[PDB]
K.L.:
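My structure is below; once you've seen it, I'll send some questions.
Below, read A as the first sequence line, B as the second, and so on, with proteins coming before strands; counting in each chain starts at 1. Any value given below was found using the heavy atoms of this structure, including those in side chains, with hydrogens, waters and symmetry copies removed.
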Number of protein chains: 2
Amino acid sequence: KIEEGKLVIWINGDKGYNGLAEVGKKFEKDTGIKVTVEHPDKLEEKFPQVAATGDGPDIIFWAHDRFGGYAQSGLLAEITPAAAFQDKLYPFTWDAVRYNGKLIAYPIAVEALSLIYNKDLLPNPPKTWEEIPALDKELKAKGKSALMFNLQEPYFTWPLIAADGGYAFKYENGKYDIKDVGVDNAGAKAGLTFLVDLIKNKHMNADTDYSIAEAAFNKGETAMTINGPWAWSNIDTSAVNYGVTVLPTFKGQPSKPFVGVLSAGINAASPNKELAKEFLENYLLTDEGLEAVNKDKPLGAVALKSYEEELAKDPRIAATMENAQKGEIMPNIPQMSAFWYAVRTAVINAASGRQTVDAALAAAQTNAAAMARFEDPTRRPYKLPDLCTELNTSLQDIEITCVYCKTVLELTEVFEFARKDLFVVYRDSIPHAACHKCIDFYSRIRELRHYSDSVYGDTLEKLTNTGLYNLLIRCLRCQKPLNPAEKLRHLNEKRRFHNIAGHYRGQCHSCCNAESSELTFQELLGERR
Amino acid sequence: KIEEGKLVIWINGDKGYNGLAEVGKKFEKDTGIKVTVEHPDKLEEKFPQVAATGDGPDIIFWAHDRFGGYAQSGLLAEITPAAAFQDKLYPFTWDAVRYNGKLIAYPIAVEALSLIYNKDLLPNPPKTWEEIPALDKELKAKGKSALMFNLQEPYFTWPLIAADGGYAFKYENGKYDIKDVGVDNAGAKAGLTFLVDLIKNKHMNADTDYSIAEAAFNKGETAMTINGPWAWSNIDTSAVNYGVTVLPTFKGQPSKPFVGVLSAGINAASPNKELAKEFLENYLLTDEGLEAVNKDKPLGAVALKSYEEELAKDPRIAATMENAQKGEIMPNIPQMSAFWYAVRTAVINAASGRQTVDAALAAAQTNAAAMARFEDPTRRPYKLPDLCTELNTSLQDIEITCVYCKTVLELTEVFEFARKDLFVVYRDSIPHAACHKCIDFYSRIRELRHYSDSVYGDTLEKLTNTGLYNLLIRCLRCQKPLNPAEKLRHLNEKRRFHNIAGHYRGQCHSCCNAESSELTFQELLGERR
Ligand SMILES: OC[C@H]1O[C@H](O[C@H]2[C@H](O)[C@@H](O)[C@@H](O)O[C@@H]2CO)[C@H](O)[C@@H](O)[C@@H]1O
Ligand SMILES: OC[C@H]1O[C@H](O[C@H]2[C@H](O)[C@@H](O)[C@@H](O)O[C@@H]2CO)[C@H](O)[C@@H](O)[C@@H]1O
Ligand SMILES: [Zn+2]
Ligand SMILES: [Zn+2]
Ligand SMILES: [Zn+2]
Ligand SMILES: [Zn+2]
């Protein structure tokens, strides 16, 4: 579990964690309480896994969209700010961190993506996405490129995909209606097609990610990038002279970034909830607390009501709020992680020429719908191929982690899992399988600690009131169901079946197949021959 | 061990093993004895490892140079042919398979490398190595190359390296003498420099191997290759019209291929020695037996005296004997594998620009000398860095196999072995270490099967009559020697030291750091939640 009398804080690696650690230092000086700030990789996925086991940070920082799912799973303490403290922050920021009426996190700041441009290379940045190809040809001639931004996270491609998004029209027998089809609509496919065509025509590279696009822009190699307020401080220290402006329009529509409220939640398992509350309310959410973080990496527009007319004094924050107004606040429904995973796949499959845009966004909608069913134990798939089938994915491409060690199963291990007729297990509505090493290890442990009895094959037929032929018998070492030949080997070679943990187990063909071995070990240690 | 009443035969994968299996089929028809022919990868190294354990083939085929080492290790039965049978084969072929007076294999055929050339691309093949660069420029212009041959095995580069080889001159104080310096002489460095310059000037690629050079030649892409008689049949079936001629001269000296006598030895552990003898003498070493193999892949010049004046009827065999006469019969001293390993490294390091030619061939000589010392238990190195030091090799580059599983240790594992202060162990004068997986596994097995007693640290000081500070104590899980801090942790946390297999063991810092775990396994098997 978590250490009493100490605060552990997780926050994403692109935020001002160094400034946050200075707030923690001030907290220790004033109170004696030690604060440790960390930024684990993929912390938005690691938090519900470790918090489910009563472990993890005392405080987790993330955009508000993930917190609905955490709250639904019981992972967050209810937040109890006094009325006067609540009145310090914009009402809509509290609304972002409300879950079925209850406050589950403290809002910190409002973030949206903007267009960042090198003023020396591009005094007049383009107002439309459609200008960008021509501008890229001109800049290549000068040994530059027009635009580089992180294509790996759908957060960064969302603004363009969403720009012409819309409801779809429905029709039957002379009668028209309007229908919400999620991301499977013509406008979204239009924007995703435009992004793909940028890659097809070599205006962008599908492999570009955060650090590459950042390096390119801050070294003056590309004229434009797309990024949030946190990225300004690295550009500040670079020699680049940059501006921050409205994202380009697409088909005359504004780009529609998803707006995040950076928020701090308190682990439901923390024994330090009152300390966490004191830190968040009375040290971080002060002028000096937010300034220390913002000086490290800019927060965006802070949630404090006092700074409202100070916001537009900074043009970069005015541009942030302009893009924010043109986009939409992210939902915080518990299934937002399913939405994001489905869209991330659609965009990569599209930008890799794997799917058509239309098929990728149509699968995106139905995969998110299916993943939403992971909450229903009566309808969720418990076989790996059924999972694959319901997610429109080849076994060759599925990503699934071991329930024990959380590593992504390699392709060999995914095949074996399906081949051995094992069952998907759900932890907090996330499906898991198991890797080769964990199955083997816990096969061996299961063997010793749960050794009931042993019988010959003909005895087993009596105990089960079934013939050996169809009876499911798993190998005790690798869990593979024995085939009839392997059962026949048991009978002919007179090997028994062993009752391990309430069922009788056998050995497969493969698993079926020391005075000197130990004595070599002593030579390896130089003890004697 | 080996199966009585059956013959198992190993022969290299470039030989006529399909024809040899037809001889085995005829043997089964006439005698009832089943013959199985196999061609394991690296069989010349696998044979002494498995034959040391009373296992392996009944019969092993290889060039005679490896058989001295096998015989010295007791791996071969003495061969007992009658006087009249011996008179059937050339006396010098029997001499190749004599070991300290005793016959240890049956000779089959005489092999030497030749120059193979595409007559349509090159009616007049060059007589000298020095012509080859100019000829390669001319052929590149036509979209061809001059020469491609296996650069990975020093057998194929030996002819050129040896061409101007010589003894060196010695001098002191007005007095001159001649000295044998092995491969560390000016002529050998000259030839190895010429080969390297062919790679530097893009006349050959250092990565070229057997199958690449073969594919290139048999598809008409390169005008010349270097290969033995076994390679003729694949060229026969290709459309290439080819000739077989004398290797080119270097500095006016003939190329000097090493001449091999393909030979068949009988495993000292075989229970089928009389069957093996009957097969070899009376089925294989007949006109029809050798024809069946030779039709598959040509043998070269067979050892049967009867075919002497039939040899020169085939120009390819006349060219083989001409190159053989210009080269030398390989020695069969037990250390030939050390000679070959040292030269193989020298050539790769040279052709990769890693060493200079002079340093590579000078290290070759001294590494082979050092490896020869592996036979002396009083002088061989028992620490991995001492091994590295004596072989002029970085720990970063050493290749060493696990004594248990024979895998080559990966770089992580080589570092760990040295870091854990473990000892090189010698099996048949070959040095081994151990891989991470084998150490771990046999640490765990050692723990259970050899659990003497347990004591606290201050008790251990009494048992050893030494202070804890310098006392070597290994971690029972990873074998690392505990440092003083780790010993201090034992004392402060009151963990005891465990006597495993006659010495007290501890735990290292790293290794120091279930109703639900087992219950998840039942969901994975679908048995119940
Ligand atoms: O791309 C999907 C990802 O987007 C959002 O994450 C943002 C985060 O809001 C920003 O603060 C910034 O750090 O970049 C992240 C994207 O790399 C969602 O908040 C998140 O749930 C979602 O996975
Ligand atoms: O390259 C070192 C290697 O050379 C010889 O092996 C030859 C063998 O003699 C031929 O019959 C043919 O199969 O090609 C082999 C080279 O790849 C030595 O016989 C062997 O000991 C040595 O390792
Ligand atoms: Zn695992
Ligand atoms: Zn098995
Ligand atoms: Zn091993
Ligand atoms: Zn250890």
K.L.:
Would one find more than 12 heavy atoms of other residues, nucleotides or ligands at under 6.0 Å from atom NZ of A/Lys34?
P.N.:
no

K.L.:
By number, which residues in residues 417-425 of chain A have some heavy atom less than 4.5 Å away from chain B?
P.N.:
A/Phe417, A/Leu422, A/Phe423, A/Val425

K.L.:
If you draw a 6.0 Å radius around CD in B/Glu4, do more than 12 non-hydrogen atoms from other residues or ligands fall strictly inside?
P.N.:
no

K.L.:
How about B/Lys494: does its NZ atom have over 12 heavy atoms from other parts shown lying under 6.0 Å from it?
P.N.:
no

K.L.:
I'd like to know whether CD of A/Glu527 has more than 12 heavy-atom contacts from other residues, nucleotides or ligands below 6.0 angstrom.
P.N.:
yes

K.L.:
Should we count CD of A/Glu38 as having more than 12 external heavy atoms under 6.0 Å?
P.N.:
yes

K.L.:
Taking 4.5 Å as the heavy-atom cut-off, does anything in residues 432-439 of chain A contact chain B, and if so which residues?
P.N.:
A/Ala433, A/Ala434, A/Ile439

K.L.:
Examine whether an atom of B/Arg529 lies under 4.5 Å from a heavy atom of chain A, and if so say whether it belongs to the side chain, the backbone or both; otherwise answer neither.
P.N.:
neither

K.L.:
Is it the case that more than 12 heavy atoms not belonging to B/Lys1 sit under 6.0 Å from its NZ atom?
P.N.:
no

K.L.:
Given a strict heavy-atom distance threshold of 4.5 Å, which part of B/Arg449 is in contact with chain A: side chain, backbone, both, or neither?
P.N.:
neither

K.L.:
How about residues 500-521 of chain B versus chain A: which residues have heavy atoms under 4.5 Å apart?
P.N.:
B/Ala501, B/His503, B/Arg505, B/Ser517, B/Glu518, B/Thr520, B/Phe521

K.L.:
Would you please name every residue forming a salt bridge (charged side-chain N to carboxylate O under 4.0 Å, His left out) with A/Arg496, sequence neighbours left out?
P.N.:
none

K.L.:
Can you confirm whether A/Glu493 is buried at CD, in the sense that more than 12 heavy atoms of other residues, nucleotides or ligands lie under 6.0 Å from that atom?
P.N.:
yes

K.L.:
Once rounded to the nearest 0.5 Å, what's the spacing between atom CD of A/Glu523 and atom OH of B/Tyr382?
P.N.:
8.0 Å

